[PDB]
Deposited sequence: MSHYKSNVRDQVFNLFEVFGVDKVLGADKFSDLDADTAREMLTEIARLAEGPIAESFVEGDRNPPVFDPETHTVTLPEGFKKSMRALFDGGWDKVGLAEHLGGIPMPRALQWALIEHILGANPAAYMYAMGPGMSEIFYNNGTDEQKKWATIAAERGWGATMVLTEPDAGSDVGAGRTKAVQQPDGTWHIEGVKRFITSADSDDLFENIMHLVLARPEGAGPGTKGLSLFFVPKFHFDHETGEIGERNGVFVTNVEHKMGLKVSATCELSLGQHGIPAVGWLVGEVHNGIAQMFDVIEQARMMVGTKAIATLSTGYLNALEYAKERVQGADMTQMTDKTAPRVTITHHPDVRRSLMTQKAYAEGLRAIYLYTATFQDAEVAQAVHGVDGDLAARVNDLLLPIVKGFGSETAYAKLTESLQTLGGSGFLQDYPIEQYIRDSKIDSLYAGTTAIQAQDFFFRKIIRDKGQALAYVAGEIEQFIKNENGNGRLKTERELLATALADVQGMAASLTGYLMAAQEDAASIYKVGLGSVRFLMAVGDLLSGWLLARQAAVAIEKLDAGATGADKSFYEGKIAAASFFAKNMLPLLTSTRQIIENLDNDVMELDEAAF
């Protein structure tokens, strides 16, 4: 079979046995979707991901997209286009799409679990297929007239792009110089060159593409808040019928050569530089670009983190299958006996340490993104957590930099253990892990670098939030702590919580001390990413412990066979993570408590 090793068993356990998302299924917005159908959908997309979607994982890498300068188009490999079709023909492009655009209503915790499987099998496939959901974002932000266009874009399944980055404006989006010039008929002419645009062309996958392009109107202010968002389609079209018309002046001029994620065309997007204007329409006919664009950035950040977690999961499972089957060496209890029976490497403790590490973090991460997703529907947050819409929004925003930044960095780091398990064979392309790594290194970069995530997590999602969302999550962790076979984990989780509390209190000191000493703010930057990672380790230990608490209930209730084995591994993962991962936060708090600006005062030439 294929490279993509699924785990719907773990998804359902999270959705149903731990977070209780089924408690909303069958009622209200999800009236016509019951718990059984949800499991069947999860099983269906997992089989589609393992088959036709994973079919072209290797081809997309070894036979990558090509730029045609004769036509300013991109060619994609045949096998990848075949997988794209399999996804369209199942309607898996309409996941969580609003009902009035042809989607099936769902809790987003379910939606992202469905999404995970595509991202584990062929992540670029899902990215090419985010058009409809970006069309919906255009709908929510559009005028009534534009809402008709957006509807056409969703129903005909046009592709879509996020167009922010320029050569001199990446994390500083506000530094972009692309301009918008208003015309007499109310349209705008966009003029500029954007860089690193995903899916900017897609060969003949779609009949049109919607480019969501950020630009600065003539005479607008500086920074992000001078920016406006424009709807710029690859082709002109009839605003009633949808009939595709004349080519619009927005062309790809180049296709990057990347370490991984190769079948994802990443292009220089040139607007107006080829003899026809790039006409764009101002979204909602208001000047509000960076706020509007962030509805899409927020989705992209959720996707990138889930992708990372999706890829660590099948990394681990590939490594496990290999370890179970590979004979090498004697049991360590028989080390000196050179006649002793050879063993499979799962008998070797460093192998078992590295499998338990991959397992605990993979499953720990899956819980986080699903937990995060239970705060994205007001109805689910109320039903499962008892929190009103405003608190739900805030905790979702708090948790996104975790899903993206902590997921980003952990999945790549732990795939090293994945590959390691294969011994020398991990370095061969014959096995999928080296590509998992190359495909995953980008997740720490696009949709905001990890540092950008950490600076958002602290400055916006905590400080500007006055600690409300952070205080709410800490409250749930404390409640689990204060409540037998779980006493030791709880003791370690209590240390870990104090440690994170320590780190937050320390950093906030450095920040508010900056008013009498401006250089103090650098200590916030020096610690922000480490603080983010600790919060991600704290959440993983907590969520993993919750899961063990339930596995104990189900075991005491008499689970047997394959179920028993599953629940037994939750206990193992939870105690391992408590004992081997969490303690390191104590020394991290202390390191953060003793930060200084020596590294800032040092002259650049001394590096």
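In this entry, the deposited residues absent from the coordinate set occupy a single span, 484-487.
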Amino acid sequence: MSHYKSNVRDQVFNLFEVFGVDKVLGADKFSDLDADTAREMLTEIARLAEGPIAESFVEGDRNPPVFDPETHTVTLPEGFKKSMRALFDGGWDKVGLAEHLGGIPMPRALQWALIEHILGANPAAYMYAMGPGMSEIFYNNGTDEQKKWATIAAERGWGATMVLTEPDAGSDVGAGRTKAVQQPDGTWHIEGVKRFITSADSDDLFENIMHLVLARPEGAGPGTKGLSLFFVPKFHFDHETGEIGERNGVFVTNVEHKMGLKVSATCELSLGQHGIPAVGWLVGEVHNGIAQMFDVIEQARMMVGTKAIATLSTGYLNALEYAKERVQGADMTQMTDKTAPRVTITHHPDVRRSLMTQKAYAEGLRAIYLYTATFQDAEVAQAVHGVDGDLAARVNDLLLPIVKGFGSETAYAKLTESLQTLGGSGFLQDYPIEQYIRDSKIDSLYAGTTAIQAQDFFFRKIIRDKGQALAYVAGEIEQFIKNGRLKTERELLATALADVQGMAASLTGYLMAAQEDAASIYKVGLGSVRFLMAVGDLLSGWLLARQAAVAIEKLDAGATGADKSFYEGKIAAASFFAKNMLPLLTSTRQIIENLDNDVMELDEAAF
From here on, numbers count along this sequence of modelled residues.
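We call the rigid core whatever largest set of C-alpha positions still superposes within 1.5 Å between the two forms.
Core superposition of the other structures onto this form places the C-alphas of 69-77 farther off in 7 other deposited structures of this protein than those of the other stretch among 463-471 and 69-77. Taking the mean C-alpha B-factor of each stretch as recorded, 357-365 and 510-518 are not equal, and the higher mean is that of 510-518. Higher mean CA B-factor, judged across 37-45 and 23-31 from the recorded values: 23-31. Taking only the listed residues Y446, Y128, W92, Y431, the entry reports the highest CA temperature factor at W92. You'll see in the entry that, of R530, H239, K194, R352, the Cα B factor peaks at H239. Ranked by C-alpha B-factor against the other modelled residues of its chain, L555 falls in the highest third. Among the modelled residues of its chain, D563 has a C-alpha B-factor that falls in the highest third, as given in the PDB entry.
Ranked by Cα temperature factor within the chain, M581 sits in the lowest third according to the deposited record. Sorting the modelled residues of the chain by their CA temperature factor places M1 in the highest third. Among the modelled residues of its chain, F375 has a C-alpha B-factor that falls in the highest third, as given in the PDB entry.
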